[PDB]
Ligand code: CLA
Ligand code: CLA
Ligand code: CLA
Ligand code: CLA
Ligand code: CLA
Ligand SMILES: CCCCCCCCCCCCCCCC(=O)OC[C@H](COP(=O)(O)OC[C@@H](O)CO)OC(=O)CCCCCCCCCCCCCCC
Ligand SMILES: CC1=C(/C=C/C(C)=C/C=C/C(C)=C/C=C/C=C(C)/C=C/C=C(C)/C=C/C2=C(C)CCCC2(C)C)C(C)(C)CCC1
Ligand SMILES: CC1=C(/C=C/C(C)=C/C=C/C(C)=C/C=C/C=C(C)/C=C/C=C(C)/C=C/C2=C(C)CCCC2(C)C)C(C)(C)CCC1
Ligand SMILES: CC1=C(/C=C/C(C)=C/C=C/C(C)=C/C=C/C=C(C)/C=C/C=C(C)/C=C/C2=C(C)CCCC2(C)C)C(C)(C)CCC1
Ligand code: OEX
Ligand SMILES: [Cl-]
Ligand SMILES: [Cl-]
Ligand SMILES: [Fe+3]
């Protein structure tokens, strides 16, 4: 537990737990406790500062909108009807953190230093390819079950919040989840660029629930697979099989997932309902063009023939493929889809006749609301652009969530690079420096 | 002799070396630093700039500043006993006397520090390159805080000692001088960024070419300050960059000299640029493009787009940035794009 | 009802503060502790009870 | 007196005086209110 | 070296016997320096009610060099 | 209102107190 | 929060900061053993 | 077989320039980007970057020099849409809508990403430690921020940094107006990174130069006092430590060379990391501090600070940038 | 061992005014306009 014996300094002291399964178990369980702790403590915090009639995205909340999306404590339009489910989630997560915190400490500073001669089932070796895939299998099944919990919630227990629900957003039970692999895996084969958007562009709960059904069965089957099998030859020669190497593989995964989450909460308004998280970037911008189209048309303006300074339509123009879109700088956001705008959308895009006659006041309210709540804010939470004066205390939750998980994702990519590079060097035997006396370069022919 | 007796005590081997330079350095440096801390905490800028600039007024670490004197003061030394303050400490702080107090004691302070580098180097027995390399920060301070306002109308348009005040100094040079377009600042940027590059690429190379002189994973314990052998492989480091980048250092002495040359030269080049700007002798325009643009209203480059930005900065910031000019711009004369 | 609810809830907080400090001290404790897995088992089983008690008495006060 | 106690106490004292300043940014002067 | 180690001093009782009074007193001294309003008058820093006159919109800007002290005093009398 | 400050007091000191107790007891630190 | 749990309102506003204290606690313990 | 012979040459440590499997991707993508960049910088017709039918000239043949020249970003009408050559009805259309820009930055970012991985590879082929690529991740992250991440958050590759000297400046000025990046701690950390980096560069350079052991004469360069591949150090680190240790104080100086050089690597990489994240987080409009009208007197009058002067400058940039692109009072995209 | 040195003066010249200023700035956080 010092540097002379372990070979690691205090700033790398957790690297001494590599070959100590017992204490390492206590470390992970204790860290897990910290996770469930925050998930509960913050929930109670958010609920304590929560104001029912005031919008969620105006109160700096990130956890309550997650619970609300699952259909708990909300009704039509995303209005809060009962704050009690928020309280239960916060309390249960919190109490559980004491349980994980109890065994986390026990397994760490008094549980067996190694599990290998307490138990052959719990005890492991990093280089035991069979043991690792087995543990991988177990946890794969656990993840598969968790995905089915979401399915069970959406199909059997109340359902989820459907922002695309007819008559307005409401909690809806998913009865027909999409099982079609042409749709589910169709998302996975979509382009990550504009107009497509990969898996981020999922716009209905049917594809979400049906999607988690697939990934549920896949992880379970995969779990059973890795439990019953052992790594093939081509896999044994490709990877590095060590504790640090496995960590780096997971660091790269979480880094990728971090970047994906960043794009989800910033672009997607289905699994991240605008009634809870606030309008997206593209959404708010389209709402401004919407807001002033309505205002000007009331004054007697013909928004279909209104030419702008550049020659392009002031309110309405065409996308590169010909779709009728909102004019101005928001031409870049013509791939935005929202339940408040789709009623005005025809086969060729925005229908001018629907615009002239069918626009409803609730659409006008929502447009002005989302325009004035665009995800633009300073670090000290001053709403609007940088040149705006102090008055509105607002930064959209989407901004907090997108920024935070990009910082984390990037650093975990660095983590991947750091821990994978060292895993290669360590397994090869030169992570502690070049042997002065077998310097590989000196045995190589000169470059010139 | 009293001189040799005093000399003995001045260069005594204590915790903080004093030296003959210390007689100049330590008081001047203390009054420079202490003056700034005193000003950003209590002293205002309401009579010179019409601004709040202290913690007492409600400013934070970023917005506090020891602001420059009023433009009416000219290039006055603004001494406490001078014809302006007339011995009144309170009026002295109100007239911006702290700025010339910090700039001047700070100037002689930098002199004293560089002299310290010369003095210690002689005593230790090493070469005075560290002193020579310090001539660039001096060239920067002198050209910007002294020469530049000396070229202009007063001390007013010099940098005010503050975080946000410095940011204001940056934006001013863009809108009025087009300081980015100046090839001397460009060379300065290449010196700073190039220095940071060298700093990072040398430290990472050394750490990743180290010899194994121990068995601990923490390789910091495997070095000794009195050893003779090299701690890292130059040969391996050379072959790496020769294959990766094409070229590579093969001489440790030229390498470290190059790490001196690059950032020192860069700051010296940017100092030359500011000296020009002192006389409003800027690299503001390209005549060949202005002639073209004026004749052809469909010709647009990023150069012309930036000028529109500068004109915007000037017309919108000047009435408050230069309150002594009493600028009054009606909304109708303000340069604005559509909608915004 | 409230008489028992808040008591069991205030004691749950107090007990926890003792457990938060007591448990890691008892573990890292060289001698002196046949003494203390009794009190570890004491507070633990008593902690679970209070959680259920407050959890049950919650529906009678709100 | 153990050094780790001195460093911790001083460390907590540093956090307090700083937390007061961030507190001060939302109240009184410099609060924009 | 020659001087006593910092780690020896700051971990000694004799040090904290002294600095349990000196450090808080100087902290109090600074506190009183502002709370008594002495800070304002020493450095001539405007109080929250000392920036503009009740119906004034103009900055009290120093327009002259050699009559600067008199100009500020004129501003101070008016305000 | 400063019940505020009382919570962070006991909670904040709860950590170091364990370290102090394990030190005077010369526990397995 | 429910009115029955309005007691622990000051306690709730403190709980989220507790995990950060664990990061700081690691340095205390390390300083206590002198960074072995 | 001739497959492993191919694998041997690819991973050969005896090539003048190491290829590697990362280099298999790096070489064609960098050559594609370079060739296209050089051609576009010289002869490419004006580009409607803001998608408002207002073409901007960037190439040399169309009235530019080295300073004003740029490869102009793709149209705003395109946005984040993937726009290759085969997605245009003609090359004439492709050039008009800022085609080249996308081809360059995409092949570049991929080539640059493989460049980083390539650095690990050769280090692994030479028995080196592999964290050189980590130091390169900092300027790489900066490249991804201004070419990819910021266009994603803003929703248009037209808002990506132009491939040009003046275009870069335009990117910087507009950025400050809409984000107040100067008042952002991550850019301030970045400035501290490059200022400190330059300082430590000049510092370490001057201290080693001063400690060079006399092996040469008055009439020859000191550099010849070091022969490539020698086993003993060329300078006196003890003498250097005793100089700098008296310049400030003893314990503010490094006696460990390995610990010294790590600091030389750590400081700028970390600093550049944050300013990279700064651009990346301000891509989602988490802007720098807004202290506008933060100081108020007893009556209610606004007492301006230097932040208010900065704000006045940002207003000038805001109302002038893209003077014909905005139709509505708020700048959201 | 010497109690009073040049190092001693060098410390208190920064130390003493620092705590004074820190007390002053702390008091500034309770200023109302
Ligand atoms: C997520 C954070 C985390 C976790 C879970 C761990 C966990 C662990 N570290 Mg690591 N460590 C961390 C962060 C963490 N560390 C950080 C940030 C640093 C940098 C300063 C270090 C530096 C470090 C070093 C240098 C070493 C470890 C070691 C260890 C292991 C033994 C610790 C020990 O014996 O302490 C003994 C300490 C005590 C007995 C004091 C009390 C500790 C307990 C846990 C306090 C619990 C408080 C909590 C409120 C209790 C609630 C109880 C109940 C109500 C639930 C352990 C598995 C050691 C190791 O690898 O040993 C083989 C080792 O040498 N760590
Ligand atoms: C990551 C989880 C994990 C793992 C792999 C282990 C593994 C081990 N623990 Mg540890 N332990 C854990 C968590 C874990 N523990 C936690 C969280 C606590 C706090 C309650 C404890 C408290 C604890 C004690 C007090 C002891 C051990 C001991 C042991 C050993 C024997 C376990 C045994 O016989 O279980 C047998 C268990 C079963 C046959 C069934 C268990 C069913 C569980 C409780 C629920 C299953 C449902 C589901 C998975 C719950 C998910 C909850 C949540 C994550 C969603 C072994 C080394 C013993 C030891 O090392 O003795 C020397 C010992 O005395 N553990
Ligand atoms: C947490 C998830 C997880 C993890 C860590 C592993 C880990 C492992 N699996 Mg298992 N597996 C999993 C889930 C997982 N599996 C599940 C759920 C299933 C059920 C479908 C399987 C089915 C499965 C099979 C059938 C096999 C493995 C095998 C392996 C081993 C080699 C993997 C490999 O070489 O990948 C790297 C993969 C490649 C180099 C192939 C090319 C991959 C391309 C380049 C991916 C491109 C992705 C693209 C960029 C982004 C995605 C979008 C779209 C294109 C899909 C390794 C022990 C192998 C083994 O040895 O088993 C004994 C094997 O044959 N797994
Ligand atoms: C050695 C340190 C040092 C130095 C170089 C300076 C330098 C300066 N100080 Mg600073 N100052 C210092 C220490 C120092 N100060 C200290 C320790 C304090 C705290 C008490 C102050 C307090 C202070 C204040 C309050 C002010 C300055 C100011 C100044 C500036 C104007 C000084 C001036 O005009 O002096 C003029 C006088 C001299 C230079 C002395 C010359 C004496 C000559 C050589 C005698 C010659 C005798 C002759 C040979 C006899 C012949 C006899 C016979 C044969 C006929 C200048 C930049 C002013 C300023 O910056 O205003 C904006 C200002 O107001 N200083
Ligand atoms: C990529 C971005 C970039 C980069 C790398 C640079 C780089 C540079 N710029 Mg440029 N600049 C940029 C963008 C950039 N600029 C842009 C976009 C603009 C807008 C037009 C400007 C506007 C601008 C201006 C207005 C100025 C520069 C200047 C500089 C130089 C500053 C050198 C320095 O460190 O001075 C730092 C100062 C010194 C080295 C002087 C000595 C400082 C002493 C040693 C400090 C002592 C501290 C003390 C001991 C302790 C204090 C403690 C206290 C703080 C608590 C350098 C060449 C300056 C220049 O050209 O100077 C000649 C200058 O005035 N730039
Ligand atoms: C670990 C904590 C977070 C670290 C972030 C990244 C820091 C290191 C990045 C180096 C990149 C440069 C290129 C490679 C440079 C390189 O190759 O370094 C080489 C150097 C040599 O260490 P060793 O190889 O001996 O150790 C590696 C392992 O075997 C552990 O011993 O590595 C380190 O010292 C890492 C130290 C990490 C632990 C201390 C980190 C301190 C971080 C300070 C954070 C400040 C936060 C506030 C900022 C405002
Ligand atoms: C290993 C280690 C570590 C770590 C540790 C940890 C991380 C631990 C954790 C722990 C934990 C994680 C714990 C937890 C706990 C929890 C708890 C204890 C909870 C409680 C709860 C409660 C008490 C509740 C209450 C209530 C109710 C019932 C209702 C509502 C309201 C109220 C709030 C009142 C460190 C680094 C330090 C160092 C050494 C090593
Ligand atoms: C002007 C003048 C003068 C001078 C005076 C002086 C010299 C003063 C000084 C004063 C001083 C000398 C002051 C000081 C102060 C200090 C301070 C005020 C500090 C602060 C600090 C802080 C605030 C910190 C922060 C931080 C950091 C940086 C790190 C960690 C983190 C934290 C955030 C904590 C005389 C009389 C000669 C003459 C007349 C004129
Ligand atoms: C849930 C809950 C609970 C629990 C809680 C807990 C679990 C807590 C924890 C707490 C903790 C766990 C705390 C800790 C703390 C710690 C600290 C506060 C630390 C600090 C540190 C420092 C300040 C440091 C400093 C230093 C040193 C010494 C070394 C390095 C340098 C420096 C100077 C930085 C109770 C029972 C109340 C009941 C209610 C509910
Ligand atoms: O495009 Mn390029 O710069 Ca981004 O903010 Mn909106 O959009 Mn346009 O204006 Mn400002
Ligand atoms: Cl522009
Ligand atoms: Cl617009
Ligand atoms: Fe070196």
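Easy rule for this one: first residue shown is 1, then count along the chain.
Here the Cβ of each residue, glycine as well, is placed from N, Cα and C on the backbone.
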Swiss-Prot annotation (transmembrane segment) - matching range among B:254-276, B:277-299, B:300-322: B:254-276
Per Swiss-Prot record, range annotated transmembrane segment [choices B:129-148, B:149-168, B:209-228]: B:129-148
Swiss-Prot topology check: residue B:55, residue B:339 same side of membrane: yes
Listed range which Swiss-Prot flags as transmembrane segment, given the options B:62-85, B:182-205: B:182-205
Cα distance (Å, whole number) from residue B:249 (plastoquinone binding site) to residue B:256 (Fe cation binding site): 10
Considering the transmembrane segment (B:182-205), which listed stretch of B:20-41, B:97-119, B:129-148, B:254-276 counts the most C-beta pairs under 8 Å: B:254-276
Considering the transmembrane segment (B:97-119), which listed stretch of B:20-41, B:129-148, B:254-276 counts the most C-beta pairs under 8 Å: B:20-41
Top Cα neighbour of residue B:130 (pheophytin a binding site) in the set of binding-site residues B:105, B:202, B:249: B:202
Integer Cα-Cα distance in angstrom, residue B:117 (pheophytin a binding site) to residue B:185 (chlorophyll a PD2 binding site): 28
Three-state secondary structure, which DSSP defines for residue B:249 (plastoquinone binding site): coil
Which same-chain residues, if any, lie at least 6 apart from residue B:202 (plastoquinone binding site) yet have Cβ under 8 Å of it: B:255, B:259
For the binding-site residues B:105, B:256, the one whose C-beta sees the most other C-beta atoms within 10 angstroms: B:256
Remote residues contacting the topological domain 'Lumenal' (B:149-181) - C-beta distance under 8 A, at least 6 residues beyond either end: 36, 39-40, 45, 48-49, 53, 61-76, 78, 96, 99-100, 102-103, 273, 275, 277-280, 282-285, 303, 306-307, 309-314, 317, 321, 324
Sparsest-packed among the binding-site residues, when each Cβ's other Cβ atoms within 10 Å are tallied, from B:117, B:130: B:117
Spatial neighbours of residue B:185 (chlorophyll a PD2 binding site) that are distant in sequence (at least 6 apart) but have CB under 8 A: B:179, B:270, B:273
Same-chain residue ranges lying at least 6 outside the topological domain 'Cytoplasmic' (B:120-128) that approach it to Cβ under 8 Å: 11, 17, 19
In the chain carrying residue B:249 (plastoquinone binding site), residues 6 or more apart in sequence that have Cβ under 8 angstroms from it: B:237, B:238, B:241, B:255
Candidates from B:105, B:130, B:185, B:249 close to chain H, where binding-site residues are judged by Cβ under 8 Å: B:130
